[PDB]
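Here the structure is laid out as structure tokens; the discussion comes afterwards.
Number of protein chains: 2
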Amino acid sequence: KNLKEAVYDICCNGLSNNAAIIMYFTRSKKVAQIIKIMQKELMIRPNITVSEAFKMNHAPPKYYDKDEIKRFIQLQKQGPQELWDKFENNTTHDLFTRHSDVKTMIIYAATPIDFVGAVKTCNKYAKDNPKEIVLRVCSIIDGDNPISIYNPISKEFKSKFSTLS
Amino acid sequence: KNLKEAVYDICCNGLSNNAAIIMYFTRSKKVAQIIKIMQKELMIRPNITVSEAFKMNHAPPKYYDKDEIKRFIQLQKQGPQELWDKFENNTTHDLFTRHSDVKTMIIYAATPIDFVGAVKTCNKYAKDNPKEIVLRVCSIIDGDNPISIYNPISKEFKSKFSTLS
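Sequence order for the protein chains is D and E. The first sequence begins at 1286 in the UniProt record's numbering and counts up by one. The second sequence begins at 1286 in the UniProt record's numbering and counts up by one.
Structure, rendered in structure tokens:
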């Protein structure tokens, strides 16, 4: 239900050039082939961009103590400009990175029409494989089409969109 | 300055596990070298996940017909449920998938404290190379730490942060 509302909110303004789909895949026998067939099914439709499946690395965890959390808070109360400028963080860990099992795939769509139809397809794989797939939507603050050739398509879609209200 | 305010909004409520730093860069070998320096800086910090540099593919573009856009609007207006159930798209294209040469990287950070320090690190390399690297901040609806081991660290930070607000 949260996915339907989220996709609705993304489409509401007629623009989807700053949205994304993120999918995380656990390690599995079928996983890489799901990715292959999804990529293919997704891109029989125009305006869709799909990434390669990719890996990630991560550092060790760290818990911040109450005093550190508080001084971040005092710095927050000074607003965006002084949050950025006065932040400093010295914490080091003396260790290597861990290589994760989980694969990730990013999808984009140039217009709301493509976006709805892409999320519905992804949700279809996410439903049929519920143990191996996490599905989320992204709003990129001040984002645009990563593939710049789509820009006239989105701007034009928004144009016609706006005159219809 | 847009970046400062998006960072401030993502951290406003003591949750970064629903957030991401996204960066896009050109194929330049001189650029892949600066990315690696950046990853070295990033990984010496705790609570930071950094994906590999990854590539993307995409479909042909399509301009939607002012009349097709209308029928999508009639659905939008009936709401989040009806938009999802009723939407159909049977648009195809006669071409091949194209391979972009834009690379992409995604960075995660388990707490607002780690998120701010990672945007500040990533952003130095973006301003230093504004033609070859583009830097964004993302909000993932109902997101969690992609690496599960961080969940207790995020949940602790939030507990303390809500006590200290």
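Think of the CB as a built atom: it goes at the ideal place given N, C-alpha and C, for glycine as much as any other residue.
Query	Result
Is the closest heavy atom of the ligand MG to the C-beta of D/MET1308 under 7 Å?	By its list of ligands, the structure shown contains no ligand whatsoever, and the ligand MG lies outside what it can speak to.
When you compare the segment 1399-1414 of chain D with the segment 1328-1345 of chain D, are there three or more beta-carbon pairs, one atom per stretch, that lie closer than 8 Å?	yes
Closer than 8 Å between beta carbons: that is the criterion. Which residues of the segment 1353-1368 of chain D meet it against chain E?	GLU1353, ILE1354, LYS1355, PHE1357, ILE1358, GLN1361, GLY1364, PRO1365, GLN1366 and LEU1368
Should E/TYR1410 be flagged as near chain D, meaning a C-beta pair shorter than 8 Å?	no
Identify every residue that forms a DSSP beta bridge with D/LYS1371.	For D/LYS1371, which the question treats as bridged, DSSP gives no partner whatsoever.
Between E/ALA1317 and chain D, is there a C-beta pair that is closer than 8 Å?	no
Mind checking who E/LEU1327 pairs with in its DSSP beta bridge?	According to DSSP, which records beta bridges pairwise, E/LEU1327 is partnered with nothing at all.
May I have a chain-ordered list of the alpha helix (DSSP H) segments no shorter than 4 residues that lie completely inside the segment 1362-1440 of chain D?	1364-1371 and 1397-1413
Tell whether a beta-carbon distance below 8 Å holds between E/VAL1316 and D/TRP1369.	no
Can you tell me whether E/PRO1346 is buried or exposed, with buried defined as 16 or more other CB within 10 angstroms of its CB?	buried
I'd like the list of long-range same chain contacts for residue 1266 of chain D, defined as Cβ closer than 7 Å, with 5 residues on each side in sequence excluded.	Because residue 1266 of chain D is not part of the residues shown, which for chain D are 1286 to 1450, the question remains open.
Across which residues does DSSP place E/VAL1335 in a beta bridge pair?	D/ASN1342 and E/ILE1392
Could you tell me whether the Cβ of D/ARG1312 comes closer than 8 Å to any Cβ of chain C?	The structure shown has no chain C; the protein chains it does contain are D and E.
Taking DSSP as the reference, what is the three-state secondary structure of E/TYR1293?	helix
Return no unless some Cβ of chain E is closer than 8 Å to the Cβ of D/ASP1413.	no
Does the Cβ of D/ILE1322 have 16 or more other Cβ atoms within 10 Å, making it buried, or fewer, making it exposed?	exposed
If you compare alpha carbons, which of E/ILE1425, E/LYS1409, E/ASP1352 and E/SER1424 is closest to E/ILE1418?	E/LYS1409
Find out if the Cβ-Cβ distance for the pair E/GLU1290, D/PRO1365 is shorter than 8 Å.	yes
Is it the case that the segment 1387-1401 of chain D contacts the segment 1369-1379 of chain D, given that we only count it when at least three CB pairs across the two stretches are under 8 Å?	no
Nearest CA to the CA of D/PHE1339: which residue from D/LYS1351, D/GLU1326 and D/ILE1320?	D/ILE1320
Can you tell me which of E/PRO1437, E/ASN1414, E/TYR1435 and E/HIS1384 puts its alpha carbon nearest to the alpha carbon of D/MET1328?	E/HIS1384
Taking the beta carbon of E/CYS1297 as the centre, do at least 16 other beta carbons fall within 10 Å, making it buried, or is it exposed?	exposed
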